[PDB]
Each structure stands twice: as C-alpha cells, then as structure tokens.
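Whatever order the structure lists ligands and atoms in, that order sets their numbers, starting from 1. We number each residue from 1, following the sequence as shown.
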Amino acid sequence: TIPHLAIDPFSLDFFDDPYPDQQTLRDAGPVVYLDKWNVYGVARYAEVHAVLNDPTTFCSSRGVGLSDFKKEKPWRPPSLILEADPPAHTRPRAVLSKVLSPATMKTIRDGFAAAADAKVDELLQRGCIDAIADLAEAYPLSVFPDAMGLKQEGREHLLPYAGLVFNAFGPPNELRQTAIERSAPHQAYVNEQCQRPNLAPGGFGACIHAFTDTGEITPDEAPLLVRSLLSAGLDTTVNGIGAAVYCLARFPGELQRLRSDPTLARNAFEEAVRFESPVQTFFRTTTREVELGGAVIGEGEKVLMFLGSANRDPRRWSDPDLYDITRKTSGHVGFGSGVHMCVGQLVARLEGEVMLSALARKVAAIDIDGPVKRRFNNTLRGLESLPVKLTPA
Ligand code: HEM
Ligand SMILES: O=C(O)c1ccc(CCCl)cc1
Ligand SMILES: [Cl-]
Ligand SMILES: [Mg+2]
C-alpha cells in the first residue's frame with residue numbers, strides 16, 4: 001500500500017538539485033517508505049503540517065534526526081527544548097520565548113540595523129564580493145555573538161559547531177561521521193561559553209541564566225538552553241540571508257520591486273525562507289500505531305518531514321517555484337509549525353529584514369559574476385560561495 005522508494009534524501013546528488021526528487025516523493029503518495037534508511041517520509045504540505053501539529057503521536061523526545069534515542073545514545077546530551085515533548089518542553093520553551101520576545105527585539109533592532117547598513121556600505125566600496133562569506137556569514141557574525149554576550153576569543157568555533165549539529169541530524173553517512181570526528185574542540189568551546197560567568201551582562205545568555213530564579217528553569221538547565229541558541233541561532237540566519245540574497249540575485253524583477261518599496265523587506269525574507277527552505281528536514285518518532293494519509297505506521301517508527309518540499313507543494317501553493325516577495329507566505333513550514341515552531345523566529349526575521357532593507361535602499365543591481373558553489377549538509381540547504389557584483393543605487 002505504501003510505495004517504497006530508493007531515493008536517498010541525504011546524498012550529494014540530492015542536495016545538488018533536490019526538486020525533481022521532491023516531486024517524485026510528493027507524487028508517489030502522501031506517505032512513502034525510504035528503503036535506504038528504513039524511515040517513513042512525508043513530502044506534501046498536508047501531511048507535513050499534520051505531523052508537525054500532532055506532537056503527542058509524532059514526538060521529538062526520541063530525536064529529530066534519524067537516530068532513535070530509545071535505541072542509540074545521542075551524540076550530545078539532549079536539547080531541553082528541541083528534543084523534548086510536552087510537558088517537559090513547556091517551561092524551557094517559555095523561557096526562550098521570553099528571552100527572544102517581541103519586547104527584546106526592541107532592545108537590539110537599532111544596532112542590528114546599523115550593522116546591516118554598515119556592512120552593505122562596506123561591500124559597495126569593494127564592488128565585487130562573495131555574498132556568502134562577505135555578507136550572509138559576515139553580517140550574522142557581526143551581531144549575533146555580541147547579542148549572545150560571548151567573548152571575542154574562540155568565535156571561530158561557532159559555525160563549525162552549527163555545521164556539526166545540523167549534520168548530526170542526518171543518517172550516519174560520511175557527512176555526519178566526519179563532522180562528529182572533528183567535533184571535540186567545538187563542543188569544548190561551546191559548552192564552556194554556556195556557563196553563567198562567561199556570558200556578558202544584558203545578552204541572551206545572561207538573560208537565560210536570569211530566569212533560573214522564577215521557578216521556570218533551574219540553574220542546571222540554563223547552560224543547555226544557552227547551548228540551544230549557540231546551536232540554532234547563527235548558521236540558520238547565515239543560510240536564511242544567503243537564500244534571500246541568492247533569490248534577489250537570480251530574480252532581478254523582484255529586487256526592483258523591493259527597491260521601489262523597502263517595506264516589503266520582511267516579506268521578501270519570509271518568501272526566501274519558503275522558497276529555499278534553508279532548514280530542509282526534521283524527523284519525528286511515532287509513539288503509537290497511527291494512520292497517516294491512508295497508511296498505517298507502527299509504533300516507534302521514524303517519520304522524515306520534507307519541509308522544503310512542503311513549501312513547494314502545488315497542492316498548497318500557486319506557482320510554488322516562483323520567488324514572489326508579495327506572496328501571502330503565512331502557513332509555510334520553513335520555521336516549523338506548532339509547539340516547536342522556531343522560538344527564535346523574531347531574531348531571524350529581524351536580521352533578514354534589516355539586511356534586505358539595507359540592500360533595498362543602497363543597491364541597484366546584484367549580478368552573479370563568478371562560479372556558484374553549493375555547500376552540502378544533512379539538514380541545511382545553502383551556498384558555499386556566491387560571487388556577485390553590487391551596483392550602488
Ligand atoms: C532562517 C532562520 C531560521 C530557520 C529557517 C529556522 C528553522 C527552525 C525550524 C524548522 C524549527 C522547528 C524544529 C522542529 O520542529 O523540530 C526551529 C526551531 C528552533 N529554532 Fe529556529 N530557525 C531559524 C533561526 C533561529 C534563530 C535565530 C534561533 C535563535 C536565536 C533559533 C532557535 C531555535 C530553537 C531553540 C528551536 C527549538 C524550538 C522548540 O523546540 O520549541 N532558530 N527552527
Ligand atoms: O536546542 C537546540 O540545541 C537546537 C534547536 C533547534 C535546532 C535547529 C533549528 Cl533550525 C538545532 C538545535
Ligand atoms: Cl556541545
Ligand atoms: Mg488550497
């Protein structure tokens with residue numbers, strides 16, 4: 001009843017161009033079985049959304065990667081938020097929600113915007129730049145580590161650590177095995193910066209530790225919650241901003257519309273999150289026998305959700321393969337959906353908005369003028385290098 005497919009969604013050929021294989025996954029049926037990894041797969045919007053919004057049946061406490069924490073040891077102590085289910089998930093989630101709250105965005109927006117304008121000004125002086133290293137990476141590195149309260153020393157471990165985290169969600173292929181092999185120095189750095197004395201006053205890290213006296217989290221929970229932000233808070237925005245710039249570079253008509261109305265910057269970034277879906281996939285584990293799209297999935301089964309495929313499903317989206325900065329993007333699953341929906345989405349949207357605003361006001365054209373190189377990761381979709389020429393407005 002359930003179709004069996006041999007597609008490996010974690011192969012380099014798949015990363016290089018996933019869209020034909022994602023249509024195959026969608027059109028094979030609402031639920032498929034991936035023989036390569038012995039997991040179920042859902043690639044249509046409907047089933048992805050349903051799984052995300054039934055955390056009781058499709059749990060996260062057994063891991064959101066391929067590995068089932070009930071069968072294998074996690075490569076690192078489980079996240080108190082990402083790899084937890086209600087009710088244990090609830091209070092750690094509340095603390096991060098308040099640490100990254102709408103009121104908190106008011107305290108950082110001016111500095112984030114100023115750093116975005118300054119970066120674009122700097123890049124326009126050079127003209128020809130790498131939109132990845134020099135923009136998508138450089139800008140988040142210039143605001144987020146400081147917003148965390150990290151010292152300057154050792155920040156070079158942050159991106160390698162994040163690449164490891166997102167590779168570790170994948171199956172035990174070479175990408176994952178090699179990442180874990182090289183992980184020891186990055187884990188040591190990150191874990192040490194999570195301790196209260198190492199987080200500067202007023203930053204996200206110190207604010208997490210400050211919540212340890214309300215009864216929502218205990219002092220011994222704060223380090224791992226800082227670890228969450230150091231895991232998910234940087235490389236995500238790198239690939240989100242990278243996606244947005246890549247879209248504007250490929251679709252000059254949409255850059256011209258953005259220039260004509262810079263207030264579209266926020267929706268232009270949201271559309272880029274849907275269009276590229278930098279965070280591609282996550283797993284759930286069934287806690288009971290469940291019926292999903294006519295298939296009966298047994299207990300203790302892994303279910304792979306194709307977020308990027310759901311965001312291009314023609315059953316849900318009109319012209320899904322078009323980048324449209326005025327599209328009604330509400331409902332896309334690029335940030336997830338439900339109780340685990342990205343708790344840092346306000347930070348991600350703030351960074352994306354202010355950067356796209358700077359480009360909208362300062363840049364007249366974005367022209368690819370060199371070889372485009374893709375970066376391969378078991379969970380993240382994005383570029384290694386994006387040579388562009390920036391023409392000033
Ligand atoms: C374009 C940028 C980003 C994207 C596309 C993204 C994507 C996602 C997705 C899809 C989830 C759901 C995971 C699941 O359902 O299992 C998630 C959760 C999460 N994200 Fe984001 N994220 C981004 C930026 C950020 C930032 C900036 C932060 C922190 C500053 C962050 C921290 C988190 C955390 C802690 C969770 C776990 C939430 C929970 O389990 O309740 N992310 N993110
Ligand atoms: O709590 C964490 O350590 C964690 C949370 C979310 C993510 C992926 C979000 Cl795109 C990775 C790690
Ligand atoms: Cl760690
Ligand atoms: Mg419809």
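- Note on ring orientation: taking the six-membered ring where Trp is involved, the planes of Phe251 and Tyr323 are parallel (angle under 30°, cut-offs 30° and 60°).
- Of all atoms in ligand 2, numbered sequentially from 1 with element shown, those under 4.0 Å from a heavy atom of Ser79 are 1 (O), 2 (C), 3 (O).
- The nearest protein atom to atom 9 (C) of ligand 2, hydrogens excluded, is given as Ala232 CB, 4.0 Å; this is a heavy-atom distance.
- Looking only at protein heavy atoms, the nearest one to atom 4 (C) of ligand 2 is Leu82 CD2, 3.7 Å.
- Checked against side chain to side chain donor-acceptor pair (under 3.5 Å), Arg182 has no partners two or more places apart in sequence or in another chain.
- Using a 4.0 Å cut-off between heavy atoms, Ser228 contacts ligand 2 through both its backbone and its side chain.
- Listed by number with element, the atoms of ligand 2 under 4.0 Å from a non-hydrogen atom of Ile81 are 1 (O).
- Counting protein heavy atoms only, atom 3 (O) of ligand 2 is closest to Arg76 NH2, 3.0 Å.
- With no hydrogens or angles considered, no side-chain donor-acceptor pair links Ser11 and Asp13 at under 3.5 Å.
- Under the side-chain contact (heavy atoms from CB on, under 4.5 Å) rule, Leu96 has a single partner from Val226, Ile217, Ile81, which is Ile81.
- Residue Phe166 approaches ligand 2 through these ligand atoms, each under 4.0 Å from one of its heavy atoms: 8 (C), 10 (Cl).
- Listed by atom number, the atoms of ligand 2 under 4.0 Å from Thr236 heavy atoms are 10 (Cl).
- Geometrically, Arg284 does not engage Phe58 in a cation-pi contact, judged by NZ or CZ lying under 6.0 Å from the ring centre and within 45° of the ring axis.
- Numbered from 1 in the order shown, with element, the atoms of ligand 2 that lie under 4.0 Å from a heavy atom of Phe282 read 8 (C).
- For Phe335, no heavy-atom contact with ligand 2 is shorter than 4.0 Å.
- Residue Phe69 comes nearest to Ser61 through the heavy atom pair CD1-O, 3.6 Å, listed as atom of the first residue, atom of the second, then distance.
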Please set out all donor-acceptor pairs under 3.5 angstrom arising from side-chain atoms of residues 154-169, sequence neighbours excluded.
residue: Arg155; atom: NE; partner: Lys151; partner atom: O; Å: 2.9
residue: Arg155; atom: NH1; partner: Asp146; partner atom: OD1; Å: 3.4
residue: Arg155; atom: NH2; partner: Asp146; partner atom: OD1; Å: 2.7
residue: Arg155; atom: NH2; partner: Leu150; partner atom: O; Å: 2.9
residue: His157; atom: ND1; partner: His186; partner atom: ND1; Å: 2.9
residue: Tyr161; atom: OH; partner: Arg76; partner atom: NH1; Å: 2.9
residue: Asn167; atom: OD1; partner: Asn377; partner atom: ND2; Å: 3.2
residue: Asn167; atom: OD1; partner: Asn378; partner atom: N; Å: 2.8
residue: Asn167; atom: ND2; partner: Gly163; partner atom: O; Å: 3.3

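- Remark: ligand 2 atoms within the under-4.0 Å shell around heavy atoms of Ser231 are 3 (O), 12 (C).
- Of all protein heavy atoms, the one lying nearest to atom 10 (Cl) of ligand 2 is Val279 CG2, 3.4 Å.
- Across all non-hydrogen atoms, the minimal contact from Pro278 to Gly240 is CG-CA, 3.9 Å.
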